[PDB]
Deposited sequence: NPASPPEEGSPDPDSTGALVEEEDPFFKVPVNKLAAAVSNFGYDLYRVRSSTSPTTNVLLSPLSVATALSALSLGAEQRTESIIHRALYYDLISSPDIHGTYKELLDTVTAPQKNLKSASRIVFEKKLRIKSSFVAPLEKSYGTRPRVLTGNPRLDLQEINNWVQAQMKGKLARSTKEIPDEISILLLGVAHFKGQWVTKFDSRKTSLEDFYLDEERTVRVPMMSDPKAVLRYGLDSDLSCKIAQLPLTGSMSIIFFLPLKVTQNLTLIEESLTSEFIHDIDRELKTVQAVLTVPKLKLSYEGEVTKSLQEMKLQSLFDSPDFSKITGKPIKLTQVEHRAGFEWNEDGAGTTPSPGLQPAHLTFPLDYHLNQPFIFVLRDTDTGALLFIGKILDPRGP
């Protein structure tokens, strides 16, 4: 009984920037689901906000039908906003503020010699703080310039791309993000040690495992999903929510099917503070790849056929590539250290495949999502 335009009753989602954050985050969970389906045996690491942002910005140059196609994928058609792009600037300003430890940037890149209308550039730069790049047609220079842009946006925290530049670009969208933050409570690195990680029912590896035997966290068991949910706070009003299956498995699909902005808000409200025997693997992960094909499965295929971008230029152009680069890291770093007496202990050992969601507490925005089949790497 959903899909109708109704007034928002949930207080957290009445806030326009939170309503927008929930919309583009729901695009991000959609993209995550497609990628995870495509990658049943490899880690999935995504920061889809940078991709949603490139698409939202590009929709400024779309005529009405194409614009609506982009807006439907971003869930804008369920918002009743007079200023979607003004709200977006606020969203971006909030989640990339310095305390968030999150670098995120989106770029629109056009085929060589394209003449761009200043009536596109002006709202693009105002709301998204970005300017379109027109390629030169020299593959070496063009790849060097894009990597130099990623380097400056990410302050060198991502690896430069040794990937060849695509041969036939009309519109290329680039979404890049890096996150390395600090826990509210540091892990004692003296307690970090090599421990078993159950890749699956038959394969066990040894991985640097952080440990807090007396962790305070927020926790809840979701019986319907057979998974233990824990939330660990980060400095700068963010948290990581973990989804830990009860049985060793790489099949997280049932959990993945539930991931929406509204589900995650509900989970967050329902978690309760407990003490836990907590283990968390160290993570230093990176991803570089094209999400072109995944977006084509997300009702965006017509952007690649004959879309109408005549608000950008008179020359017929179309989406040809959407690139994502992401880097993500967590270690023991944190801001601080911490006749009967009864406790309620729980174990929370992330020593088997799990999903994590890095969420902004203020807006609820999805900042990063990982399916971690193997904490060592790809």
| query | finding |
| --- | --- |
| Missing CA stretches, deposited numbering from 1, N-terminus first | 1-14, 353-358 |
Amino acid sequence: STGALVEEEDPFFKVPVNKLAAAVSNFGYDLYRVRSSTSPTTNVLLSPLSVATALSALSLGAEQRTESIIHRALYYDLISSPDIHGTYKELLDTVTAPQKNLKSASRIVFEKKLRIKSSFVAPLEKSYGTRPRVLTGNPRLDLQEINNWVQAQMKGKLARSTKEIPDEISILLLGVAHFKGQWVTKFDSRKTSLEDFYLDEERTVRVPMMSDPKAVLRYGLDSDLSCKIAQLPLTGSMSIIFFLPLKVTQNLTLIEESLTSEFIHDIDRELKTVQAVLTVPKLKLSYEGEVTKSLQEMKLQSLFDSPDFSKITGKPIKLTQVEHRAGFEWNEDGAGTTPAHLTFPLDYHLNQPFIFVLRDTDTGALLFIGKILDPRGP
From here on, numbers count along this sequence of modelled residues.
| query | finding |
| --- | --- |
| Mean Cα B-factor comparison, 130-138 or 237-245, giving the higher one as deposited | 130-138 |
| Between the two ranges 341-349 and 320-328, the one averaging a larger CA B factor in the entry | 341-349 |
| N101, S261, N251, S104, ranked by C-alpha B-factor: the highest one | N251 |
| From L300, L174, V205, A177, residue of greatest CA B-factor | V205 |
| Third of the chain, ranked by Cα B-factor, where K157 sits | highest |
| Third assignment of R33 from its chain's C-alpha B-factors | lowest |
| Chain-relative CA temperature factor third for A97 | middle |
| Third assignment of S170 from its chain's C-alpha B-factors | middle |
| CA B-factor ranking of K163, expressed as a third of its chain | highest |
